[PDB]
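# Survey of secondary and tertiary structure
If you want the building blocks of each chain, they are given just below.
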Amino acid sequence: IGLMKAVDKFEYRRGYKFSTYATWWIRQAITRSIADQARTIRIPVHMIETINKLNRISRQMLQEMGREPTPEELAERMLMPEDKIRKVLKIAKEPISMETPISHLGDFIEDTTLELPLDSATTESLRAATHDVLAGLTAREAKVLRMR
Amino acid sequence: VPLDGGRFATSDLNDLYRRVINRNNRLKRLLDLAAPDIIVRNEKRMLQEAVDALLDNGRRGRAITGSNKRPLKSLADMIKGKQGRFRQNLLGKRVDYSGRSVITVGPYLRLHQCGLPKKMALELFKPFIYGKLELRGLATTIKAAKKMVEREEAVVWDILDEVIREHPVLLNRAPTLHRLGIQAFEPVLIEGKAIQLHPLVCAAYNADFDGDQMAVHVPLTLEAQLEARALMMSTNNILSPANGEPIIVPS
Amino acid sequence: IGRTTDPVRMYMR
Amino acid sequence: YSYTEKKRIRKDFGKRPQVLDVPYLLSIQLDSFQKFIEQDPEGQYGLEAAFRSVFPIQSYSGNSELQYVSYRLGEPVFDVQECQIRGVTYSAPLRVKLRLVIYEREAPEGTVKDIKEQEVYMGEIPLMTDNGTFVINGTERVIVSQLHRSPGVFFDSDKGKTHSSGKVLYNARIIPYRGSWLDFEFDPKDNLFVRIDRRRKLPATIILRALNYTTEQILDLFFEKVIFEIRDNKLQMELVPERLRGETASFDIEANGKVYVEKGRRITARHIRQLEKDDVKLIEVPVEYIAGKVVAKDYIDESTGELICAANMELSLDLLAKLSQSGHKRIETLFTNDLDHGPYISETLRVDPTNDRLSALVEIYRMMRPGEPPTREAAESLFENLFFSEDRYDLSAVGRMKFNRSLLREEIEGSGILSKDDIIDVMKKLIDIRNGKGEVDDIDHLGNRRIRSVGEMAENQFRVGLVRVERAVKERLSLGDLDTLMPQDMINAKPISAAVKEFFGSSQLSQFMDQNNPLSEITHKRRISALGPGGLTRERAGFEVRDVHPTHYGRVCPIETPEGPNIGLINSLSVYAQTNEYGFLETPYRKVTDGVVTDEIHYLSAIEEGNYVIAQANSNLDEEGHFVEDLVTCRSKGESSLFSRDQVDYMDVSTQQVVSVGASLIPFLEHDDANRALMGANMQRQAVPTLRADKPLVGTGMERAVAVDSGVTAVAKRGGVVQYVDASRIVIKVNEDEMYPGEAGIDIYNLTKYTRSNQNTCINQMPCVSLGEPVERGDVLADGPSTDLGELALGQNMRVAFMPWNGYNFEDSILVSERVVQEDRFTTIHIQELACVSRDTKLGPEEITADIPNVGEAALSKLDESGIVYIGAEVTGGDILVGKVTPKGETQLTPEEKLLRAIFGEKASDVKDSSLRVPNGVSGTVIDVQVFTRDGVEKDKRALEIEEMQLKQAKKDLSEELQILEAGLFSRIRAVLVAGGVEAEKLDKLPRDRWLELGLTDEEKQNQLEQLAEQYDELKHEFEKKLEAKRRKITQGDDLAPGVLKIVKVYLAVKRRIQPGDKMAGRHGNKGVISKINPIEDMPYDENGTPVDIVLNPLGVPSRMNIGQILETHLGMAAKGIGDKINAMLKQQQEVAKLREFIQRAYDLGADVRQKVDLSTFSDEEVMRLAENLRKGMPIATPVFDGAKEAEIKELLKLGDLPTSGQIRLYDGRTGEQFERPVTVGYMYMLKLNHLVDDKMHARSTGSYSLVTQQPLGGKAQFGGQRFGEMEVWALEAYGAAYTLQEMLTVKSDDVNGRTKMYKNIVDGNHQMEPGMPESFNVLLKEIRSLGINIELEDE
Amino acid sequence: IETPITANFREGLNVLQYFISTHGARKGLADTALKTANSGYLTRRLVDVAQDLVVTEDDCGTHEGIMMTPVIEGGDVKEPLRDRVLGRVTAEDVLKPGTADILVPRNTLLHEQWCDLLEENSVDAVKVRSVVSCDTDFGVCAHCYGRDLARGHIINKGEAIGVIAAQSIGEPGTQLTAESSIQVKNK
Ligand SMILES: CO[C@H]1/C=C/O[C@@]2(C)Oc3c(C)c(O)c4c(O)c(c(/C=N/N5CCN(C)CC5)c(O)c4c3C2=O)NC(=O)/C(C)=C\C=C\[C@H](C)[C@H](O)[C@@H](C)[C@@H](O)[C@@H](C)[C@H](OC(C)=O)[C@@H]1C
Ligand SMILES: [Mg+2]
Ligand SMILES: [Zn+2]
């Protein structure tokens, strides 16, 4: 697709070879597609650029300083407030498959949106007790309380 | 769903659907752009391959999962196999009201009795104890009964001894070769952590006391209790269903 | 031809 | 005798003298890794090998090179302790020197400019501990060795199943270390076919053609010629009488006017002999005979110039006439026979469709890459890269050795790639095997199987990393510019480090260390394994790989092997076994001269061992190395039989060399059945260390080796005198003989107090010496977990009786007394770790406050102000350890809750409760707490207090070390200052500091003193630097995963007692589960009123024939009797002479044994100490196949005044009457296996449910329901139980509304259900409908 | 091997004898380990084939059956007629060696007493009803099935006999794995 665009937007008057222009456009398209549709949870292009720059700087500092670049060192080396670094480091992870061997990782995932039977029984008991107590009161007063 | 620490777990079906959608959208874009026929044919072949891998993966080239080498799990792989729905969930469910422990000898028992530890009995029969506590007026509300059971008061033990009276339980050993691997006994509350098995039923169970374990289930409904008492009870199964010979011979 | 199944080889051809 | 050895001497039976001593047990791991690191000058095994293999990296003739100079390993940032505590790997940085040279274009080669980049950092390699373990992510690990098939060429048979008509189909295989497999084979038609690694079949001659061979050359290579000439008529054949054997003569074979062979008579041996003696070379035969031959080379007519006949063409009368007329008088034919020389290659050529090299190459290419058109260049390149390229193919040094030895070559060295000669030789050998000559070889032979270890696999991973890096660097160098880039930016350590980390962290051979005992670790470190990468599969092995081959004698233990799915696929290593220089196992033998058995040891592998005749370990000798009796049993070739005295070549070096350590720790092993010996050896490693470990009364003598070789004990490095003993430290003042010139100094040993092992048991060391006690080099100074005075003590020995007791030992179960539980004989300490993590949520961060909603002061009693439990607190299930609250909001409560709130005016909390609590059923004591706080977070009070304690402790430790070493160094300084003028008075009066300050008038001693002062200043500076480094390390931040703010870890120490349901065992495969705890006054007692500790069933011995336990019981009774005699003699304090006499009498007491004890011991101190240590029973030693006999046991029993029968009279505790039939009583050493009943009980009624299918979450950490498989469903269907089954699979598990309603009904007192339909069926319907199908539910 | 182990366990075994015995020991262990799974698979197949067979009737009124006789092979009888016929129901009336004498009537359950009575006389072959020849469609009837049970009476209407048959067959699976002249050995 990138090459089709390049061929559409080519000018031979300049006298250059089509190869340079076409390769430029092709590389642009390939990198754009990789950025756009390579992750399960999509992230914008500028976040991708920031992550790539951070990785390059980290590799350079690891090679030059021996052991490893700590987040404070990355923030100082860059021109950023040392917190956006933490956000970027936190938002750059990939999901894990549920079929991973362990048995599979998906057999230990719990359903946390369910209601315990004891809690439902307690709610029913409270409903009954409140009905009894309201019946204990007067008629119009009970109706007013129910309406409110 | 999210995992503790911000990591996510996902199913392969999401990956397969995403690939199908991406290829379909690209094909639409190419068709709307009047591209040369070779590119269109390549896109059509790619979409065919993507859909075929979605439906039943592993018939052409077994597309492998990203960040891994394992092949993806398609729709047809979930239905079939020894780990599919039919054999793993639709015939082999896990159940509530059950536990297990190690088995011991207990030679003083009668042929229809089994020793059951107090802790296992309390955990297995909690709701019955809540009902009894509320009925007798000891606890005003179900939360009060829950707290009383947690604190392990004496009235709790009396109520348990009353509710365990004539309620049979089922005992099961791991390899259930024939129908005598399940039988029903009448629990006797004991102190300890190992179940007590009458010596005479060991041959039928094929059990020895060198590390074996057993599972205990509770029949809830009233028809279930009647079936346990009239069909599976340990004093009803004396003859082998394969041949009429007795199966309670002293060993 | 050898009746290949790989789309990559076909496209390359 | 050594000191720790003379404290308590084990009476040793056994008559065979020792010639070889057991080696260091953990030599495999250490040797492997040392070879891996192994900085060596010449390129061989190590990192040097890989570095020289890859570099130098040459561009695409770009006139620039990157070349290797040397390498070095840095120093680890953290030692083992910090790595374990924080949770990082223990490794060292790798620094490499690289030189980059660029050549200018274009002129004669010269050094235009070479930039010498310094120490490019290339990944990190994990290091090995002193004992053979790795600390990968804070956890110790072991890399088990792998037993895999060695590279080479192997000929098989494929007998039987093929075609169900016999006709064994031979084949050959070439297995390289790295490359694609080559294969040849036959078929029922006798056509030789070739298969590339696993592709489709091809005629074998295609590969020969692709090697630039024509049909004539192939026929010449694979056949012998028959010379023909027409000497004026009737086809005057040239004949060799040798070839005529095994055939029937069809004509009159006559020569020299004589008829040697007459028509109708088959040639026989006599005819062949006559022909050979008469030298008959030429005869005349009819044309009909030659009508069936095959021509070798093609023929053309010189006059006509046309191809009259082609090579490999069946002859005929017309062809023969044409050849004769065309002027041809000599025609060559192939010598073919139906017995010795079959024509397989000719038939294969007949079936071969290819004709030239190009067609054969195209055929190969079309086979390898079907579907794409072939090209000449591509086909040539593919074939060249297949086997003849040094990059994609390499056999080995070992592979080449095996390849040469299989083809009978005299050279064991060569290239790592194939050639024409190799393939031709393999084909020739396969054909020879087909022709009845030669033999196939078995795959299970230990001469065909090879062993890989840590160093080899680590080097392979590093080589993969280097290949990736080299490809990347070459591409960048060739593409980009090469004038300014330094040799630091073109290499990325990420791939190399990734490969190594991937191997060491997630692999099937890097395993979580097994750490129940010292024996568990020793056996884990010496483990072979046929599984893993490049190995077998558990489900796909067969009945042959897992068998005891005759070659395992002395190399692999035949009894110690797991009993589960993988039996015969682990094979723990033997005792004396080693590894060849190539990876093959070898064992030692004693060289036998003419008739004298010498003492020189030779290590022989399986191939070498096959040739010689090896005598037996237990063969009598008489003080001159002469075989007493003439016919000595031996074993020559996978078999054994009687041999003459003057035929033996070697002899076994010991009687233990056939077993492993675990199997060699079993006394009386020759009386035990093989199955039970296997079971006992397997169980011995699961024993859990006790509160007090005593010893085995009946052992085999391999205990000290296992105790010392394992690193649990603390062993002295240099001799000296114990100067300070404490529960936590030992200080040794070295002898004057072993001190170095300077730095007098002292040895300090820091003991390891209560710590958690991998399996949650307890690790502890306690001092084994006293103040002012001499210690020699190699002595034991502190006992580890489950050792006693340097010996291994896994269990405890107890008084048993063999008799039935009222059915409480009916099956394998056991009956135990109550004095066994009062005395805490089997009480064990377990340690758990619990962690509370404070993360960052979207609503807000979590807190570790001590204020929790709706929690009374009872729960907060044990929590300090910061909200963390105190140390030393005793907690019980449900208690709070760390307080924590999580933010929450907008609950949106129900109307009735709103009315209740209005009536009572109750405030709703905005913070949840997520604190850490002790698990139910566990009660212990808090013994430690650790806090980790992310950098940039305020430290609570507790963290500050902990770090202040840590800093004070570090300063005190450094100060104490310096004070001890400075006392030693002041003694040294006194010694040195003695010279240059000896003045005792000055030393007595002058202070220590003033000694160096004083200076002489003038001499080199003044310069020496100034140098000493400067060095002392430097040492002060260095010590201050070390203190500063310690402080900075302590107070630094913590590297935590993203999103975590704090982590708090709490350690609980539990005390497990013995209760019914716990599993115990002996050393002879006798298991059991405790059945009861009988009071003291109910157990059977003897005439003296002493009860019996344990009662075992006699019915378990006959069926399973482990007679070792009875012999052990008898010998234990005898040993305890001797101990009791000594104790009674010592209570009344008779005199030293009586003790000396009785102990000597007990020690001699043998039948030609090799003990040889005093009198040489100290006057009374040593004898009294020995008697005090023996008053609990004299220990015995019984080697595996050289132990005691019945007569000696009876003599020992008689010495102690015990019945020689072994049986006594017992009385009933309850009735008081005596049992008839005397019962067998004695002492047996029993173990407590780690199958505790506290860890097995489980039960639930309701809990959490799975996510997709709403079913209870099976497991134990979560409650989880018991699985009700389909076999149980069949069991319930066999009855008529429809309601129980329906509720079991509807309401108990999967119906949601049914679940809730059933719970409510049970609470209300009504037992009835509304079944409904399960959710898994709905999920199934949805999943099947998400295909194209349309499945629905009808109604009618 | 051509030389035996001449030593028992009361005496010791030297190295060679013990090494020789380890072969058979490991062979037996592995054999059991694999035969377990083989038997499991076979029993699963058996239960799947015939899981839908139930006793849906009481008597189909069939007049045929199978002829039951002792399995006498060679010079010995491997199974007496009493064990082969006990429990079944006679397809047709059984006549003793003396003709016209109806020893036992038509279809009637044969309990211990009738089997002893047959043993008393010279009854040799008796025809019984088998489930293979049952006329009932969609199941079998109690009479064509017989009696055998953990009980002692006739089978009840509504019993799942296919699962019982499969389980009974597959349970003991784990325990499985010239003469030119003929002479009479009895007068
Ligand atoms: C990556 O490690 C795994 C690799 C799997 O991959 C996989 C496919 O390739 C494997 C290789 C190359 C093996 O050599 C192996 C093995 O030698 C073994 C068991 C069977 N183990 N047991 C199962 C439990 N049961 C109660 C007892 C028997 C195995 O399954 C394997 C295995 C595999 O299965 N047997 C023993 O080692 C013996 C004679 C005693 C056991 C001692 C302790 C108990 C273990 O050593 C514990 C400490 C762990 O070390 C292992 C469990 C490792 O698990 C961990 C945490 O790392 C496991 C090797
Ligand atoms: Mg058992
Ligand atoms: Zn019928």
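What this report covers is the structure whose coordinates are included nearby. (Residues numbered from 1 in each chain as written, not as in the entry; some residues may be left out. Chains lettered and ligands numbered in written order. Part of a larger assembly, values for the part shown. Heavy atoms only, no water.)

## Looking at the site of ligand 1
Residues and elements named next belong to chain D. By nearness alone, 15 residues border ligand 1, and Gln511, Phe512, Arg527, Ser529 and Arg538 come closest of all. In the environment of ligand 1, an oxygen atom lies 2.8 Å from a nitrogen or oxygen atom belonging to the side chain of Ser529. Here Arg538 contributes a side-chain N or O atom positioned 2.7 Å from an oxygen atom of ligand 1. Relative to its free-state accessible area of 940 Å², ligand 1 is covered by the protein chains to the extent of 59%. (Near = heavy atom within 4 Å. Polar contact = N/O pair within 3.5 Å; in protein donor to acceptor, adjacent residues only side chain to side chain. Areas by Shrake-Rupley, 256 points an atom, 1.4 Å probe, with all protein chains shown as cover.)

## A short note on the packing of helix 33 (residues 1270-1278) of chain D against helix 5 (residues 161-170) of chain E
Two elements in contact, helix 33 of chain D and helix 5 of chain E, have axes whose closest approach is 9 Å; the angle formed by their N-to-C orientations is 125 degrees. On the basis of their axis angle, the class for helix 33 of chain D and helix 5 of chain E is oblique. Classified by chirality, the crossing of helix 5 of chain E by helix 33 of chain D is left-handed. Every residue of helix 5 of chain E that contacts helix 33 of chain D at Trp1274, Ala1275, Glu1277 and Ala1278 of chain D is listed here: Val163, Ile164 and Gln167 of chain E. (Axes fitted to C-alpha atoms, helices over the stretch in contact; angles between N-to-C directions. Helix = DSSP H or I, 4+ residues; strand = E, 2+ residues; numbered from the N terminus. Parallel < 35°, antiparallel > 145°, perpendicular 65-115°, else oblique. Left-handed = near helix turned anticlockwise from the far one by under 90°. Contact = heavy atoms within 4.5 Å.)

## Some words on the coordination of the magnesium ion (ligand 2)
Residues and elements named next belong to chain B. Summarising the metal site, the magnesium ion (ligand 2) is bound by the protein donors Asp208 (OD), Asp210 (OD) and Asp212 (OD), whose distances to it range over 2.2 Å. One chain supplies every donor for the magnesium ion (ligand 2), spaced along it as D-x1-D-x1-D. For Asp208, a relative accessible area of 24% translates into the label partly exposed. Judged by its relative accessible area of 13%, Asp210 falls in the buried class. (Donors = N, O, S within 2.8 Å, 3.2 Å for Na, K, Ca; no water. Buried < 20%, exposed > 50% of the residue type's maximum accessible area, 1.4 Å probe, protein only.)

## A look at the arrangement of the chains
Contacts are most numerous between chains B and D, considering all 7 pairs of chains that are in contact. Structurally, chain A and chain C remain out of contact, their C-alpha atoms never closer than 16 Å. Nothing in chain A touches chain E; the tightest C-alpha to C-alpha distance between them is still 20 Å.

## Topic: the pairing of strand 4 (residues 76-79) of chain E
All names here are of chain E. Here strand 3 (residues 71-73) runs beside strand 4; their pairing, made up of 3 bridges, is antiparallel. Within strand 4, the residue paired with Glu73 across the bridge is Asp76. Counted along the chain from strand 3 to the antiparallel partner strand 4, the turn is 2 residues long, and its residue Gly74 has a positive phi close to 60 degrees. (Pairing = 2+ DSSP bridges.)

## Quick look at the side chain of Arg676 of chain D
Residue and element names in this part refer to chain D. Along the polypeptide, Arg676 turns up in helix 20 (residues 674-683). The buried charged residue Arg676 lacks any salt bridge partner; its closest oppositely charged side chain belongs to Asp812, at an N-O distance of 5.5 Å. A polar side-chain atom of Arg676 sits 2.8 Å from the main-chain carbonyl oxygen of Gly1069. If we ignore the near neighbours within four places in the chain, the residues touching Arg676 are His1068, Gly1069, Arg1104 and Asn1106. (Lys, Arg positive; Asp, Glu negative; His and termini not counted. Salt bridge = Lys/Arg side-chain N within 4 Å of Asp/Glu carboxyl O.)

## A look at a positive patch on the surface
Residue and element names in this part refer to chain D. A cluster of basic side chains, namely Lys258, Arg266, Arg270, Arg273 and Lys277, defines a positive patch on the protein surface. Top contributing element to the positive patch by residue count: helix 7 (residues 269-278), with 3 residues. With a relative accessible area of 60%, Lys277 lands in the exposed category. (Patch = residues over 30% accessible without salt bridge, like charges linked within 9 Å, V, L, I, M, F, W, Y side chains within 5 Å. Charge placed at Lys NZ, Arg CZ, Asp CG, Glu CD.)

## Notes on the coordination of the zinc ion (ligand 3)
Residues and elements named next belong to chain E. Coordination of the zinc ion (ligand 3) by the protein comes from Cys60 (SG), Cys134 (SG), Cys141 (SG) and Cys144 (SG), over a distance range of 2.2 to 2.3 Å. One way to put it: the 4 donor atoms around the zinc ion (ligand 3) meet at angles of 108 to 111 degrees, and that makes the site tetrahedral. Mapped onto the sequence, the residues coordinating the zinc ion (ligand 3) show the spacing C-x73-C-x6-C-x2-C. Pair noted here: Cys134 is in the loop between strand 7 (126-128) and strand 8 (140-141) and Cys144 is in helix 4 (residues 142-145), with a separation of 10 residues, a long-range link. As far as burial versus exposure is concerned, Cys134 and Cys144 are alike and both buried. (Tetrahedral: all angles 85-135°; square planar, octahedral: opposite > 155°, others 65-115°.)

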